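Data first, discussion second: the structure below is written as structure tokens.
Indexing begins at 1, ligand by ligand and atom by atom, following the structure's order. Positions are given from 1, in the same order as the sequence printed here. Note: hydrogens, waters and symmetry copies are ignored here, and every other heavy atom, side chains too, is used.
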Amino acid sequence: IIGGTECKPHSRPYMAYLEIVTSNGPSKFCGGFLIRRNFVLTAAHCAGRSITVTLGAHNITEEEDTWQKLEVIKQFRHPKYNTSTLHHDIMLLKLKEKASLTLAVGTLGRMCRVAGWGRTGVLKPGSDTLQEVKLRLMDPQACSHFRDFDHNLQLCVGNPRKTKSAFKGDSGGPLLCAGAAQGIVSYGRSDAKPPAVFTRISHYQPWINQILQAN
Ligand SMILES: CCC[C@@H](CC(=O)O)n1c(=O)n(Cc2cc(Br)cc3c2CC(=O)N3)c2ccccc21
Ligand SMILES: *[C@@H]1O[C@H](CO)[C@@H](O)[C@H](O)[C@H]1NC(C)=O
Ligand SMILES: [Zn+2]
Ligand SMILES: [Zn+2]
């Protein structure tokens, strides 16, 4: 998160910190959010050979009683996910067991908010702590320069005159507008100049319901 502020610990209890394991490289990291006690939503580009989810975290370097480290049994990447266009960049993760509900862990031109443990600058490392930033929902023409941007499938997010943005490491985090999840962090420019492109959740509701009933 670039240009955000540190959250009060555990004030976003649905936030999930994902460690993504692959066969041929070191761990990668994403965000995500708990939507059922045994399901996390995140970005499809966060798929890997295996994933571990940490719920209840604030400072992810400092283990505490609020932490629930949970195994992911199965990944459900959207079947239409396309690595060339980044269309349908959404994935459900089924947890091996249902998470415990605690104070710190629970399920989930207008201004929206997005949180994450991602980089706080183009050249800066991932944040130790959960950060959040407020971003402006833009008209789709603001994202025309992303040639594969599609207004039906995606939101255009972030005033180009501000430096505020989600960034690397924030993948999969929910964009909330009026306390309701509207988007999921997907992609943006490598130089972090806003706006960025978020998945439009509403488009994926039937598919999400589909997976949630089948598993
Ligand atoms: C497992 C995460 C892989 C990393 C690797 C990378 O940064 O290229 N990653 C990652 O962190 N993001 C999110 C991202 C990347 C960049 Br560059 C800019 C922005 C984002 C989100 C955003 O709002 N801007 C990715 C979006 C698409 C594909 C890979 C992505
Ligand atoms: C996070 O925790 C580590 C280890 O306790 C500590 O070194 C670091 O200062 C903490 N970061 C913040 C911002 O609290
Ligand atoms: Zn705590
Ligand atoms: Zn679709």
Side-chain angles (χ1 to χ4, degrees), residues 1-4 7-13 15 17-22 25-32 42-49 51 54-68 75 77-91 102-105 112 114-123 125-126 129-130 133 135 138 143 146 148-150 152-158 163-175 183-208 210:
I1 301 293
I2 299 169
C7 295
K8 175 164 150 52
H10 318 300
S11 59
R12 305 295 185 259
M15 288 299 305
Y17 179 85
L18 278 52
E19 178 169 7
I20 299 134
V21 167
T22 59
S27 294
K28 297 180 295 180
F29 301 88
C30 286
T42 187
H45 72 253
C46 298
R49 178 59 182 82
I51 301 181
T54 302
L55 305 179
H58 182 62
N59 187 330
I60 48 76
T61 72
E62 191 186 41
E63 179 172 36
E64 47 169 331
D65 281 357
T66 54
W67 283 18
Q68 298 177 49
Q75 297 165 65
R77 201 177 57 181
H78 198 284
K80 294 176 181 184
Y81 172 63
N82 186 304
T83 55
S84 164
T85 59
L86 287 179
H87 286 178
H88 319 293
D89 190 13
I90 191 171
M91 176 169 61
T102 63
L103 185 52
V105 176
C112 306
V114 62
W117 290 271
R119 304 191 189 265
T120 59
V122 174
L123 309 168
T129 57
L130 186 70
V133 70
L135 300 173
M138 308 293 297
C143 281
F146 296 112
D148 292 317
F149 170 84
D150 182 333
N152 289 345
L153 305 176
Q154 293 158 326
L155 308 172
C156 187
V157 181
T163 58
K164 296 188 287 175
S165 186
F167 200 50
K168 293 171 178 282
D170 297 318
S171 304
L175 181 74
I184 309 182
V185 175
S186 180
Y187 71 95
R189 291 177 55 104
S190 62
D191 67 7
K193 296 184 174 296
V197 178
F198 284 63
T199 300
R200 184 186 291 278
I201 293 183
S202 64
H203 180 79
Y204 297 89
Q205 287 297 337
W207 176 77
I208 292 163
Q210 193 163 332

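The Zn ion (ligand 3) has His10 NE2, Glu64 OE1 as its protein N, O or S neighbours under 2.8 Å.
Not close to ligand 1: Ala192, with no non-hydrogen atom less than 4.0 angstrom away. Using a 4.0 angstrom heavy-atom cutoff, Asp170 does not count as in contact with ligand 1.
In this structure, the side chain of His58 does not engage the main chain of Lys8 through any donor-acceptor pair within 3.5 Å. At least one donor-acceptor pair closer than 3.5 Å links the side chain of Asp170 to the backbone N or O of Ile1. Here the side chain of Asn59 pairs no donor or acceptor atom with the backbone of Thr129 at under 3.5 angstrom. Using modelled atom types, one side-chain atom of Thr42 and one backbone atom of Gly31 make a donor-acceptor pair closer than 3.5 Å. Not a single donor-acceptor pair under 3.5 Å links the side chain of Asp89 to the backbone N or O of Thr199.
Backbone or side-chain N, O or S atoms of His78 do not reach the Zn ion (ligand 4) at under 2.8 Å.
Residue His88 comes nearest to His78 through the heavy atom pair O-CB, 3.5 Å, listed as atom of the first residue, atom of the second, then distance. Between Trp207 and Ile90, the shortest heavy-atom distance links the atoms CZ3-CG2, 3.9 Å.
Residues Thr120 and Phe167 fail the side-chain proximity criterion, which asks for heavy atoms closer than 4.5 Å. Looking only at side-chain heavy atoms (C-beta outward), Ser165 and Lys193 stay at 4.5 Å or farther from each other. Contact check for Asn152 versus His203: no side-chain heavy atoms found under the 4.5 Å cut-off.
Of the protein's heavy atoms, at least one falls inside 4.0 Å of atom 6 (C) of ligand 1. Note that atom 26 (C) of ligand 1 has protein non-hydrogen atoms nearby, at separations under 4.0 angstrom.
Remark: among candidates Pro194, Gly183, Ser171, the nearest residue to atom 12 (N) of ligand 1 is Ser171, based on non-hydrogen atoms. The heavy atom nearest to atom 19 (C) of ligand 1, out of those in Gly188, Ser186, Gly31, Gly169, is found in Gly188.
Side-chain contact of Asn82 with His87: a donor-acceptor pair under 3.5 Å is absent, judged by distance alone.
Note: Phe146 and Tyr187 have perpendicular aromatic rings, judged against thresholds of 30 and 60 degrees for the angle between ring planes.
Applying the 4.0 Å criterion to heavy atoms of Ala196 picks out, from ligand 1, the atoms 23 (O). Taking every heavy atom of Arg189 and a limit of under 4.0 angstrom, the matching atoms of ligand 1 come to 18 (C).
Of the heavy atoms in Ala166, both backbone and side-chain atoms come closer than 4.0 Å to ligand 1. Residue contacts with ligand 1, taken as heavy atom pairs separated by less than 4.0 Å, involve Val185 solely via side-chain atoms from C-beta onward. The proximity of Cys30 to ligand 1, defined as any non-hydrogen pair under 4.0 Å, is limited to the side chain.
Distances between N or O atoms of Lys168 and those of ligand 1 include at least one value under 3.5 Å.
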